[PDB]
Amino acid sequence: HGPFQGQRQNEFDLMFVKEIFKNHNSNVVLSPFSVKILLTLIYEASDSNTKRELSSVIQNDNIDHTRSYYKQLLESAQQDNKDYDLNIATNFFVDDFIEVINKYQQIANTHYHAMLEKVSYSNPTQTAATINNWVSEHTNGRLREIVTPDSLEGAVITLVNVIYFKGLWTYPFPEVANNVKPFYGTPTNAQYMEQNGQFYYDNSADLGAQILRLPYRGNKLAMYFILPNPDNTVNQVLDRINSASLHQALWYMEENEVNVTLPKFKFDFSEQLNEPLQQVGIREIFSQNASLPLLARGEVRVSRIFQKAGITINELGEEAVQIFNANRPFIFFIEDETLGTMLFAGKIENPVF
């Protein structure tokens, strides 16, 4: 279990993360990989502009390859055992008047771990409740709400993704009696955890940020932290992150002895994805032209797309020189190091737990 040695297919992921982060002053967490599942589901559903617009998401213009890729990354990622708990769940909530094609339900289920169910948008109050109950059910109450009755106004089809994670570190932190200290947001106190250890690390002059990898148990996942240098901000570091620059910055990381101080955090984040998607070039699927002939028996389209993600880091593992002191805002992400998947991406502006 070492860092990924391949080339990440993260051109879309990074574009999307940046667009979300630029428009929120708060903590954020989301799943770029899962957003790619949603777009591929809509692609599978559709009849071009759509194909040019999704070229960073679809695998080599071949549907069999696209299906096996997403299926493989999904099965690699997901797990519920002593080492970590990661569940991804996806649903289309479809108005009653729409006839859902059963074969679409089968490919959705099989390759994308997604489902479809009927609701009545004539009753946005009951429908909100239905969606929110689905969210609780599929995250074991970790997430509980994602929509209000108002956010369904005028809707015919709503696509919802939820994801949550908690794992054991390979190298746990000591549990310390209120290790409370200042956090300098863009001040407050936070609970920190601190250890010395051997961790992949670098100070990246190109990014203007330190990077730290902390692995999770299970030989698959790690959390990366990108901490801007004191003269720098998260937004300025983002402006210099693209697939090439990030690939190189991670490539330069070597195992070092590092003194690591991190704020504990636990929070969730949700957003309606229509707008950020359109901002990054994905527009056709939301236009008067869009259609879903392979999903709905024949003229309808996806009204709204929502994602809600939840995340927790704390000290815990199974048991038990550089300075990495994360006492100001930073970026984090979780990747599957066997395949390069960007499962979670987020930022901390205000530690909370």
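For every residue, the number given is its place in the sequence shown, counted from 1.
Novice: What size is the break between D47 and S48 in terms of deposited sequence residues left without coordinates: none, 1 to 3, 4 to 9, or 10 or more?
Specialist: Count of unmodelled residues in between: 4 to 9.
Novice: Quick one: higher average CA temperature factor, 136 to 144 or 208 to 216?
Specialist: That would be 136 to 144.
Novice: Which has higher Cα B-factors on average according to the PDB entry: 242 to 250 or 187 to 195?
Specialist: It is 187 to 195 that shows the higher mean C-alpha B-factor.
Novice: Just the C-alpha B-factor column, please: which of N232, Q279, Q106, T158 has the biggest number?
Specialist: Highest C-alpha B-factor among the listed options: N232.
Novice: Out of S270, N91, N178, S120, which one has a C-alpha B factor higher than all the others in the entry?
Specialist: Answer, based on the entry's C-alpha B-factors: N178.
Novice: When the modelled residues of the chain are sorted by Cα temperature factor, does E75 land in the lowest, middle or highest third?
Specialist: Its C-alpha B-factor, which the entry lists for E75, ranks in the middle third among residues of this chain.
Novice: Using the B-factor values recorded in the entry, state whether the Cα atom of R297 falls in the lowest, middle or highest third among the modelled residues of its chain.
Specialist: Ranked within chain, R297 CA B lands in the highest tercile.
Novice: Can you tell me which third, lowest, middle or highest, the CA B-factor of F324 falls into for its chain?
Specialist: Middle third - that is where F324 ends up once the chain's C-alpha B-factors are sorted.
Novice: Is the Cα B-factor recorded for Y200 in the lowest, middle or highest third of its chain?
Specialist: Middle third.
Novice: Looking at the temperature factor on the CA atom of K347, which third of the chain's modelled residues does it land in?
Specialist: Its C-alpha B-factor, which the entry lists for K347, ranks in the lowest third among residues of this chain.
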